[PDB]
Structure formats: structure tokens, C-alpha cells
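Take a look at the structure below.
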Amino acid sequence: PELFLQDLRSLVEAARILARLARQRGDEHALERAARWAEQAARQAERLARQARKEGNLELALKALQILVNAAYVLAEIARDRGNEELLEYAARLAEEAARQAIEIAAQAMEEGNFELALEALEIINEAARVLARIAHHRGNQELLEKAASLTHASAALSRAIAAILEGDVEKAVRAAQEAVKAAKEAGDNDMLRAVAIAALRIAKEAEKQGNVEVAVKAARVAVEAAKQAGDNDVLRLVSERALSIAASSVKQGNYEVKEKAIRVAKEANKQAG
Amino acid sequence: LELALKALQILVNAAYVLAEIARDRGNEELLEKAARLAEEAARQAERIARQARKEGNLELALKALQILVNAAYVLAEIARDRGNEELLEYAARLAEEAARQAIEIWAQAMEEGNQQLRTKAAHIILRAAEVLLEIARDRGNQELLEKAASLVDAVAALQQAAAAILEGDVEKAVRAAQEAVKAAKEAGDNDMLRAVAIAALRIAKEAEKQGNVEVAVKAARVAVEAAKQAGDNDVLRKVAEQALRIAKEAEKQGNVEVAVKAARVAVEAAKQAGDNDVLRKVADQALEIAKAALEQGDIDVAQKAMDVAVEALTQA
Amino acid sequence: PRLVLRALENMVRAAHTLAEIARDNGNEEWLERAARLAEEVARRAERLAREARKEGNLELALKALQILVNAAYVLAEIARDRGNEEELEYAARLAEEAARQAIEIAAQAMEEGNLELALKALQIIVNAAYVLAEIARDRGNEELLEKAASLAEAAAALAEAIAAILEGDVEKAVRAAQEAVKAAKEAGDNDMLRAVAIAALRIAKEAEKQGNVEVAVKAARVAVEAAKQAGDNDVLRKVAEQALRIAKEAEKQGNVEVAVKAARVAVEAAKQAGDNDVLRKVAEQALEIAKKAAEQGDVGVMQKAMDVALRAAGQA
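Residue numbers (PDB author numbering), protein chains in the order written: chain d, 1 to 274; chain D, 1 to 316; chain N, 1 to 316.
Following this line, the structure appears as C-alpha cells:
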């Protein structure tokens with residue numbers, strides 16, 4: 001199967017070269033060839049990318065999303081010099097739902113603790129943010145550029161939090177999570193907020209694994225903040241469950257104040273869930 | 001063995017950095033030294049590629065070509081501010097010979113069915129064309145634009161055809177192949193046409209397994225269009241064997257009209273090859289086709305079959 | 001380990017995107033954010049790189065250096081458009097220090113005999129030279145520009161020498177090494193000189209396997225030429241031990257002229273080092289060389305063996 005992506009890449013490269021050549025040598029049918037080749041390759045990639053989530057090979061899926069971003073760069077190059085906004089709008093829609101789908105993949109990877117895939121999906125997100133910014137630079141949307149700065153900020157924050165978790169540097173992780181929830185507030189996207197909450201959950205799970213219940217309460221206080229801003233009841237349920245983990249762990253550590261905080265956090269999560 | 005390519009890549013990268021460092025400064029001696037570093041690396045890489053091709057490790061060979069293409073890119077980047085054409089004259093000729101060798105590698109990979117080399121070789125050829133295009137962008141040679149564009153769109157067709165082969169879509173395969181010969185014939189590159197023809201054999205081999213002889217003859221009609229330029233006698237005999245096999249399948253299907261068109265392709269090739277054993281086999285097959293056309297009462301097809309049979313047999 | 005490298009690299013890649021976006025928009029605050037992120041990564045990556053060498057895994061270490069070089073590239077891209085000298089100074093310091101550590105890796109790698117790691121480190125060094133030069137041009141400092149260029153040339157010669165070490169042409173290796181000492185002596189970089197000497201030692205070890213003591217001495221003549229600039233006492237000791245090993249083989253070959261030249265190198269090095277055990281071991285062998293020069297009846301060679309042994313002993 002995998003060779004499909006390599007061939008798609010080659011067709012994208014051919015399109016890139018043809019576009020480069022066409023900026024030297026005048027032929028609108030070179031532009032039309034390259035656009036048709038590229039769009040068809042992108043749709044072929046999209047079919048595979050949709051299939052890959054059913055197949056569960058997320059590695060091939062995020063590789064296909066990298067192809068989509070790389071193709072989107074070439075599509076944007078063609079479109080911006082050809083001077084057509086509808087093709088930019090198409091490329092933008094392609095990139096936007098691709099990146100949103102990457103955010104879903106990243107949430108699964110962080111739930112698994114399969115941080116390998118999370119870092120790679122975050123890379124796809126970075127490169128998508130690059131391509132989105134290139135499009136926005138020609139459309140004039142300062143709002144999208146602020147969102148790109150926010151998206152790159154948030155993906156960096158997720159990366160930093162992941163690094164602190166892999167290191168076990170949990171106070172720095174809690175500090176980084178406090179930065180991350182502000183970055184999510186800058187972004188204003190519920191799916192990013194979900195990914196950040198899933199990170200905050202996984203962060204608290206590491207503190208529970210350590211038995212550092214007070215660090216876990218700090219992590220949970222961020223997690224429930226993210227979940228409260230997101231409004232997702234399944235996240236709020238998972239947060240309430242983890243808060244009861246922390247509460248039981250706090251009684252196991254023999255401290256009533258950390259129990260009291262953990263119960264108040266569980267009750268905040270329950271109050272938002274209704 | 002392998003480490004030499006890694007070192008050479010580092011040498012080319014070092015030359016690139018040296019050239020970039022020198023670029024803003026009045027020191028053509030640094031540029032000359034960088035060019036000497038690049039030339040030695042290129043001479044090493046060509047010698048390695050020659051030997052690796054003899055040994056049959058195509059991955060080492062194509063990686064050496066990748067390095068050489070990067071070296072050509074560096075040589076052009078040196079040559080521009082130097083105002084020197086002779087460097088470009090070396091680089092373009094070297095890049096053309098590299099592209100030829102990469103196309104020959106691509107043909108061997110297609111013949112052997114090694115998709116894994118095919119992708120790599122395609123990327124290499126595409127990069128080679130990009131470097132030729134940078135050279136053309138500076139130098140203004142319009143023929144090099146035609147060469148580059150046609151090479152690239154021909155690789156894109158070759159890739160599309162390989163994708164169609166993996167998908168089993170013989171109609172897509174024909175659609176692509178028709179454009180592939182269109183590009184390659186406008187280029188006039190007989191080695192590109194050879195690679196196209198070798199791919200067309202693989203198209204025919206799978207088209208028989210699919211059993212759609214009506215599409216397969218359109219593919220064979222493209223195959224001879226290229227093969228008639230290239231003139232490689234063993235390739236022509238291989239093509240003729242495939243055309244006869246296609247005719248045998250068309251008889252099993254009872255489609256004598258497609259069988260006669262398959263013979264019309266077969267004679268066009270056999271008339272170049274001159275192989276009397278092909279002429280004998282063509283006449284024998286044509287008589288079986290005439291027998292089928294008689295049995296069907298398709299006598300316009302029978303007379304067309306025997307017109308082609310006479311046209312073939314008269315070459316003896 | 002592995003994940004943290006990936007993550008920090010991704011944090012640099014994120015800073016690279018953020019800097020692109022910020023420069024496209026013309027915004028300041030996003031650069032300030034990026035700079036804070038990049039500095040935090042630089043501080044973390046320095047720790048990681050220092051720890052990785054203490055763990056003995058040079059590959060993890062050199063990858064961490066490549067992260068630092070990516071960070072330096074981003075920091076420079078920010079700083080040179082930001083327009084501040086202290087930022088450019090800090091970036092230059094970071095890149096230079098990373099290059100020092102990279103050469104320390106390269107020295108250790110060649111001393112162990114893993115050219116693959118050394119080649120990787122040379123790519124890191126080449127990258128650092130590019131970054132340093134881009135800083136130095138935009139800052140305006142010809143000394144650092146010349147330093148970058150000369151370092152890059154010396155790196156290129158070292159890469160060529162590594163290629164020659166793979167190939168086994170010891171004359172080519174010496175030809176490269178002559179240019180390598182030329183660049184290194186013009187640069188005055190202690191670690192570059194150390195690296196050249198270590199390479200020359202392994203060149204000599206291969207020349208001994210081949211039995212080519214003559215070219216081994218030519219390599220050693222470069223080795224002392226470099227070592228005499230730098231005073232690496234243990235490298236001088238290794239050079240002297242090699243010179244005695246070479247002299248013992250030259251005695252076994254009966255080439256007392258090459259043996260006396262090997263002693264002539266050994267005393268030149270020992271005169272810098274002042275190591276009494278080396279001096280006495282050298283003089284001990286120098287009388288074996290004089291003994292064989294007398295057995296051959298070579299008057300001028302025995303007069304040289306006299307002159308060397310006596311000058312070696314005369315203040316030891």
C-alpha cells in the first residue's frame with residue numbers, strides 16, 4: 001500500500017516543478033495540467049486518509065495528512081499566482097478539515113500515551129499552520145493569522161507538556177499546562193480545547209502514577225478548566241473519574257485537605273456535566 | 001561500500017555551504033576550490049555508479065545520481081555569480097547523462113517490477129529536471145525548457161501508468177500512455193521512448209490477465225508507436241510475442257475484429273524487426289483468425305485478416 | 001531519551017513556523033514569544049547534549065547538537081531581522097560552542113574508529129558554519145567570516161580525508177591532509193588541529209596494515225606539524241608511539257632511511273612534550289635504528305641516527 005503515498009508525493013513534486021517551470025514559460029494549460037493533477041492527487045489522498053482511520057494505521061493516516069499539507073502548499077502556490085480565490089478557499093477547506101482530523105488523531109494518541117504519534121500529528125499541525133498562514137497572507141485575514149499564531153503556540157505547548165511528561169518533570173509540566181490552557185483560550189477552538197483537556201487528563205494520570213496527589217490536583221485544576229471551557233460531557237466525565245482517582249489516592253496518602261480539593265474538583269466537573 | 005555515498009553527500013553539502021559563504025564576497029578562489037571539491041566528488045560518484053550498476057545494486061547507483069544532481073545544483077549556483085558558461089556546459093551535459101542513466105535504471109526497475117526503486121528513480125529524474133530548469137531559467141535556452149517540461153510530464157505519465165497498473169484500470173493505463181507517447185515524441189528522446197516501451201510491455205502483460213483485449217490492442221498500438229522510433233530488436237521481438245499472445249486471447253474471446261487489429265499492430269512492428277520466425281507465426285495465427293472469421297461469417301474481418309497476413313508474409 | 005529529542009526538535013520547528021508567520025505579518029510580540037521558547041529549548045538542549053555524552057551515546061548527543069544548530073538557525077533568523085547585537089553575540093556563542101562539542105564528538109568518533117558518527121558530526125559542523133556566516137555577514141565581522149570559511153574548508157578536507165580512509169589511497173589521503181593542516185594552521189583552532197592529528201593517526205594505522213611505512217611517515221610529518229601548534233600532550237604521546245611502531249616496521253623492512261625519518265618526527269614531537277619516559281623509550285629505539293644503520297653500513301644515515309639520538313638524550 002505505502003508506495004501510493006510515495007507516488008502521490010512524486011505527482012505533487014512533478015506539479016511543483018511544472019508550476020516552477022510555468023512561472024518561467026507562459027502556458028495556462030501548464031497551470032491547468034498542474035492544478036488538475038494536484039487536485040486529483042489530493043482527492044486520491046483524501047480517500048485513503050478517510051479509509052486509514054477505519055484501518056487504524058494512524059501512522060499511514062498522519063503520513064497521508066503530511067501529503068495533504070505538502071500538496072496544499074503546491075495548490076496554494078498555483079492558486080495565489082493564478083489569482084483565483086475559489087481554489088484558495090478549496091485548499092483552505094482541505095487543509096482546515098485535515099488539521100481538525102489531525103487534532104482528533106492527536107487526542108487518541110495522547111489518550112493511549114502513544115506520544116510518538118502525538119508529536120508527529122503536532123508536526124502535521126505545525127506544517128498545516130504554515131500553509132494556512134501562507135494562504136491567509138494573500139486573503140488578508142488577520143483573524144486567521146492570529147489563529148495560526150495561536151495554533152502554533154498551542155501545538156508548541158502540547159509538545160512542551162509532552163516533553164515534561166516524558167522527562168517526569170511534573171512541576172514544569174503543571175506550569176506548561178497552565179500556559180497551554182491560556183493558549184487554548186487564545187485559539188478559541190473546542191477541538192483544540194478537547195486535545196488540551198486530553199493532555200491535561202494524561203498529565204494528571206502521570207502524577208497519579210507517581211503518587212504525587214498535590215501535583216495531580218494542580219493538573220486536574222487545569223484539566224477541569226479546559227473541560228469547562230470546552231463543554232464536552234465525555235471529557236467532564238473522564239475528569240470527574242480521574243478526580244475520584246486523585247481523591248482515593250489522597251485518602252491513601254492520609255491527607256484530608258488534598259481529598260477535599262479533589263472532591264471539590266470532582267464536584268465542579270459534575271456541576272458542569274449536569 | 002555504502003559509507004562513500006554518505007561522505008560524498010557531506011562533501012557536496014560542504015561545497016554548498018562554502019559556495020554560499022563565498023557568495024557575497026570578492027573571492028573567486030573559494031568558488032574555484034568549492035568547484036574542485038565538487039568535481040572530485042562528482043568523479044568519485046560516477047565511478048561508483050558505473051561499478052554499482054555492474055554489481056547490480058540499483059539503490060546505491062540511484063543514490064549516487066541523487067548526490068550528482070545536488071552537485072549539479074551547486075555547480076550552477078557557483079557558476080551564476082562567476083558569470084561562467086563552461087561550468088553550466090559541464091553541469092547540463094552531466095545532468096543529461098545522469099538523467100539518461102536514471103531513466104535506464106527506471107526501465108530496469110519497471111521490467112523487474114520493483115516499485116520500490118521506481119518511486120526513488122522518479123524522484124531523482126524529477127530533481128534532475130529541476131536543476132536543468134534552474135540552468136534554463138538563467139541561460140535562456142528554450143530547447144532545455146522543452147526537454148525539461150516534456151521529461152517531467154512524461155515521468156508524471158509513467159508514474160500515472162504505474163498507478164493505473166497497481167489499480168488494474170487498463171482504460172486509465174491507455175489514457176495515460178497516449179499522453180506519454182505524445183510527450184516523448186514531442187521531446188524526440190529515443191531513450192525516454194525506450195523506457196515508455198518497456199513500461200508498455202508491463203501494461204500489456206497485466207492487460208492479458210484482465211482479459212480486456214479491446215483495450216489491450218489500444219495499448220499495443222501505443223507500444224509500437226514508441227518501439228518504431230527506438231528500434232531495439234529484442235524489445236521488438238518481445239513486443240511481437242505479446243501481440244501474438246493478445247491475438248490468441250482475442251481468438252479465445254471470439255473477437256476476431258480485435259484480433260485483426262492486434263495483427264495490424266503486430267505487422268507494423270514485425271516489418272521493423274524482420275524476424276522470419278515472427279513472420280511465420282503471424283501467418284499461422286492469421287490463418288487461425290481467418291478460420292474463426294469464416295466460422296462466425298465475419299467475412300469483412302476475414303478479408304482484413306488476410307490483407308494483413310499477406311502484408312506480413314510478403315516481408316519474407 | 002528518543003521522544004525528548006523529537007519533542008525539542010518539534011519545538012524548534014514550531015519556533016521556525018512562528019518566526020516565518022511573525023516576519024510575514026511584521027509582528028513583534030510573536031518574535032518575543034518565539035525567542036523565549038527558543039532560549040528555553042537552548043538551555044534544555046545544552047543539558048541534554050552534556051548528559052548524552054556522559055551516557056556515552058554519541059549519536060543521541062550529535063542529534064541534540066543538531067537540535068541546538070536548528071535552534072541557532074531560528075535564533076539567528078529572528079535576531080538578524082530584530083536588529084540587536086547581544087542576540088547575535090549569544091547566537092554566535094551558541095553555534096560556536098555547539099561546533100566545539102561537535103568536533104569533540106568527531107575527535108572521539110575517529111579515535112574509536114566509527115567514521116559514520118564522525119561524518120554525521122561533520123554535517124553538524126558544516127551546518128554551524130552556514131549559520132555562523134549568516135550571522136557574521138549581517139553583523140559585519142570579517143574575522144568571524146574568515147574563521148567560518150577556513151573552518152568549513154578544513155571540515156571539507158577532513159571529509160575528503162575520511163573518503164580517502166574508506167578508499168585506501170594513502171597518497172590521496174596525504175594530499176587531503178596537507179590542505180587540512182594548511183587550513184587548520186591558518187585558522188588556529190585547537191580542536192580542528194586535534195581532529196587532523198587523530199585522522200592522521202588512523203591513516204598511519206591503515207598504511208601500516210598495507211605495509212606502506214613510507215607514506216605513513218609523510219602522514220606523521222603533517223601530524224607533528226599540526227601538533228606543534230597545539231600542545232595536546234597525549235596526542236603527541238600517541239604520535240610518538242606510532243612513530244616508534246612505524247620505525248620498528250621500517251627496521252623489519254630494512255628501510256633505515258624511513259626509520260631515521262620516523263625518529264626525526266618522534267624527537268620533534270618529544271621536544272615539545274618533554275615526557276621523560278617517551279624521551280628514554282625513543283632514544284632506546286634510536287640506538288636500535290643506529291645499530292641497523294651500522295649493519296647496513298649507511299654512513300650518512302648512521303650520522304643522522306647519531307645526531308638525532310644524541311640531541312634527544314642531550315637534555316633528557
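We put the CB at the ideal spot given by N, CA and C, even for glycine.
Asked, Found
"Starting from N:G300, follow the alpha helix (DSSP H) in both directions and report where the run begins and ends.", "299-313"
"Going along chain D, which residues have a C-beta under 8 Å from N:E160?", "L11, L37, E40"
"Nearest to N:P1 by alpha carbon, out of N:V12, N:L37, N:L60, N:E29?", "N:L60"
"In the structure shown, what three-state DSSP assignment does N:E28 receive?", "coil"
"Over the uninterrupted alpha helix (DSSP H) stretch that includes d:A227, give me the two end residues.", "213-230"
"N:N25 versus chain d: which residues are under 7 Å apart at the beta carbon?", "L145"
"What is the DSSP secondary structure of D:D138, counted as helix, strand or coil?", "helix"
"Spatial neighbours of d:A161 within its chain, please: C-beta separation below 8 Å, excluding the five flanking residues on both sides.", "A173, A176, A177, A180, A199, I203"
"For d:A64, which of d:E77, d:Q44, d:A163 has the nearest alpha-carbon?", "d:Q44"
"Does DSSP put d:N126 in a helix, a strand or coil?", "helix"
"Check each candidate in N:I21, N:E46, N:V12 and name the one with the smallest Cα separation from N:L75.", "N:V12"
"Please classify d:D7 as buried or exposed, where buried requires at least 16 other C-beta atoms within 10 Å of its C-beta.", "buried"
"If I'm right that d:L62 touches d:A121 with Cβ under 8 Å, what's the distance once you round it to whole angstroms?", "5 Å"
"Work out the CA separation of N:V265 and N:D234 for me, nearest whole Å.", "16 Å"
"Once you ignore the five residues that flank D:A148 on each side, which residues in its own chain have a CB closer than 7 Å to its CB?", "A129, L132, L133, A136"
"I think D:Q315 touches D:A270, with their Cβ atoms under 8 Å apart; what is that distance to the nearest whole Å?", "7 Å"
"Decide yes or no for the touch test of the segment 149-156 of chain d against the segment 112-120 of chain d: beta carbon pairs closer than 8 Å, at least 3 of them.", "no"
"Looking only at C-alpha atoms, which of d:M192, d:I78, d:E2 sits nearest to d:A106?", "d:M192"
"Suppose the cutoff is 6 Å on Cβ atoms and the five residues either side in sequence are ignored; what does the same chain contact list for D:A61 look like?", "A49, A52, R53"
"At the 7 Å Cβ level, is D:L5 part of the contact set with chain N, yes or no?", "no"
"For N:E214, collect the residues of the same chain with a Cβ closer than 7 Å to its Cβ; drop the 5 residues on either side in sequence, then sort them by chain order.", "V258"
"Roughly how far, in whole angstroms, is the beta-carbon of N:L58 from the beta-carbon of N:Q108, given that I think they are within contact range, below 8 Å?", "7 Å"
"Look up d:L238 in the DSSP assignment and say whether it is helix, strand or coil.", "helix"
"With C-beta atoms as the reference, is N:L166 less than 7 Å away from N:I124?", "no"
"When you compare each of N:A227, N:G211, N:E96, N:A184 to N:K248 by their alpha carbons, which one comes out closest?", "N:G211"
"Is the CB-CB distance between D:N13 and N:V126 below 7 Å?", "yes"
"Need the endpoints of the alpha helix (DSSP H) that N:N127 sits in, please.", "115-139"
"Under 7 Å between the Cβ atoms of N:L68 and N:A45?", "yes"
"With a cut-off of 7 Å, does the C-beta of D:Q108 fall near any C-beta of chain d?", "no"
"Tell me whether the beta-carbon of d:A99 lies closer than 7 Å to the beta-carbon of d:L75.", "no"
"Grab me the residues of N:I21's own chain with a C-beta within less than 7 Å of its C-beta, minus the 5 sequence neighbours each way, in chain order.", "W30"
"Determine, using beta carbons only, whether d:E171 comes closer than 7 Å to chain N.", "no"
"Is the distance from the Cβ of d:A219 to the Cβ of d:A227 below 7 Å?", "no"
"Mind pulling the beta strand (DSSP E) runs of 3 or more residues that sit fully within the segment 71-119 of chain N?", "none"
"Taking just the CA atoms, how far does N:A293 sit from N:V301?", "6 Å"
"Is any beta-carbon of chain d found at less than 7 Å from that of N:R82?", "no"
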